[PDB]
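Okay, here's what each chain looks like letter by letter:
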Protein chains: 2
Amino acid sequence: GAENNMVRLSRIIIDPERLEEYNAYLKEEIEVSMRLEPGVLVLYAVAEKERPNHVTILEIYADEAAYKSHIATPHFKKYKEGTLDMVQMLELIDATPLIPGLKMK
Amino acid sequence: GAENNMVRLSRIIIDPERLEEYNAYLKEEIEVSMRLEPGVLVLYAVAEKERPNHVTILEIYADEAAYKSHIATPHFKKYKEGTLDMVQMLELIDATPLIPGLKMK
Ligand SMILES: [Ca+2]
Ligand SMILES: [Ca+2]
Ligand SMILES: [Ca+2]
Ligand SMILES: [Ca+2]
């Protein structure tokens, strides 16, 4: 439920020359995850308008089991392997939501 | 609709000695905004577990008119004035969602 969801921010810097390829892989992998995995509650990615190769993803998983299952999926594998040479920085920020379970209108 | 929503990340660093007071003001202001303003679609605040005085808020407004109305409200005023001496850094990052209108499950 809301009280044990794993919430994380991923902050990524992508090689500017590979940004189109990266976005193609990322968008597909998010779409498949949202479609197929009940434990993936959101993968909400945004690109900074001033620096479009700086992407932040708000990640909410039902629990750590859901997260571990997610990173074993073929769709996550395709993304992780496909983009390995495109990522310049990856920051993984575990976080606590101020209002657990707050949803978008 | 999804295609003209104003999406922004606010990254804030709060004076560590004022963090409890800050969170009280922030949580109240988010709760009131979500309750009262149809144009505030989400204010999803998280605190970094390693550095709890580092807060990131995913902000989604229906449009720029909704945002301008929000910052004129008495509840936003109370928060902005109440926390003015507690904020050490404020970064306002306009952003483009990769999947406009994606919602949390
Ligand atoms: Ca849960
Ligand atoms: Ca390069
Ligand atoms: Ca809109
Ligand atoms: Ca201090």
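Analysis parameters
- Residues numbered from 1 in each chain as written, not as in the entry; some residues may be left out.
- Chains lettered and ligands numbered in written order.
- Heavy atoms only, no water.
- Residues with missing side-chain atoms left out of burial classes, pairs and counts.
- Buried < 20%, exposed > 50% of the residue type's maximum accessible area, 1.4 Å probe, protein only.
- Helix = DSSP H or I, 4+ residues; strand = E, 2+ residues; numbered from the N terminus.
- Pairing = 2+ DSSP bridges.
- Axes fitted to C-alpha atoms, helices over the stretch in contact; angles between N-to-C directions.
- Parallel < 35°, antiparallel > 145°, perpendicular 65-115°, else oblique.
- Left-handed = near helix turned anticlockwise from the far one by under 90°.
- Contact = heavy atoms within 4.5 Å.
- Nonpolar A, V, L, I, M, F, W, Y, C, P; charged D, E, K, R; others polar.
- Donors = N, O, S within 2.8 Å, 3.2 Å for Na, K, Ca; no water.

Per the PDB record, this model was obtained through X-ray crystallography at a reported resolution of 1.300 Å.

Residues and elements named next belong to chain B. For strand β1 (residues 6-14), the buried fraction is high: nine of the nine residues fall into the buried class. In β1, alternate side chains face the same way, and those of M6, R8, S10, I12 and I14 on one face and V7, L9, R11 and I13 on the other are all buried. Sheet topology note: the β1/strand β3 (residues 54-61) ladder contains eight bridges and is antiparallel. Pairing of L9 across the sheet is with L58, part of β3. In this structure, β1 lies alongside strand β4 (residues 87-97), joined through eight bridges in antiparallel fashion. Bridging from a neighbouring strand, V7 pairs with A95 of β4.

This paragraph deals with the packing of helix α1 (residues 19-36) of chain B against helix α3 (residues 74-82) of chain B. Residue and element names in this part refer to chain B. Remark: α1 packs on α3, axes separated minimally by 9 Å, with the N-to-C direction vectors making an angle of 165°. Taken together, the axes of α1 and α3 are roughly antiparallel relative to one another. The hand of the α1/α3 crossing is left-handed. On the side of α1, the interface is formed by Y22, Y25, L26, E28, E29, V32, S33 and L36, while α3 contributes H75, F76, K78, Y79 and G82. Of the residues that constitute the contact of α1 with α3, the class distribution is seven nonpolar, three polar and three charged.

Turning to the coordination of the calcium ion (ligand 2), a few remarks are in order. Coordination sphere of the calcium ion (ligand 2), protein contribution only: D15 of chain A (OD) and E17 of chain A (OE), at 2.1 to 2.5 Å. For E17 of chain A, a relative accessible area of 66% puts it in the exposed group.

Attention now goes to the interface of chain B and chain A. Listed per partner, the contact involves 38 residues of chain B and 38 residues of chain A. Of all the secondary-structure elements, those providing two or more residues to the side of chain B that touches chain A are β1, α1, β2 (40-48), β3 and β4 of chain B. Top element by residues in the side of chain B that touches chain A is β2 of chain B. It accounts for nine residues. Across the side of chain B that touches chain A, the residue classes break down as 23 nonpolar, four polar and eleven charged.

Turning our attention to the coordination of the calcium ion (ligand 3). Put simply, a metal with four donors set out as a tetrahedron has ideal angles of 109.5 degrees, and one with six donors set out as an octahedron has ideal angles of 90 or 180 degrees. All names here are of chain B. Taken together, the protein ligands of the calcium ion (ligand 3) are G1 (N), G1 (O), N4 (OD1), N5 (OD1) and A62 (O), with distances of 2.3 to 2.6 Å. Spacing between the donor residues of the calcium ion (ligand 3) along the chain follows G-x2-N-N-x56-A. With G1 in the segment before β1 and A62 in the loop between β3 and α2 (64-70), the pair connects residues that are 61 residues apart, well separated along the chain. Among the residues examined, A62 registers a relative accessible area of 21% and is labelled partly exposed.

The strand order around the closed barrel formed by eight strands is β1(A)-β3(A)-β2(A)-β4(B)-β1(B)-β3(B)-β2(B)-β4(A), and the pairing between neighbours is antiparallel. Neighbour-to-neighbour, the strand axes of this sheet turn through a mean angle of 35°, independent of strand direction. As judged from the three bridges shared by strand β4 (residues 87-97) of chain A and β2 of chain B, these two strands associate in the antiparallel manner. Across the sheet, the residue bridging to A95 of chain A is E48 of chain B, located in β2 of chain B.

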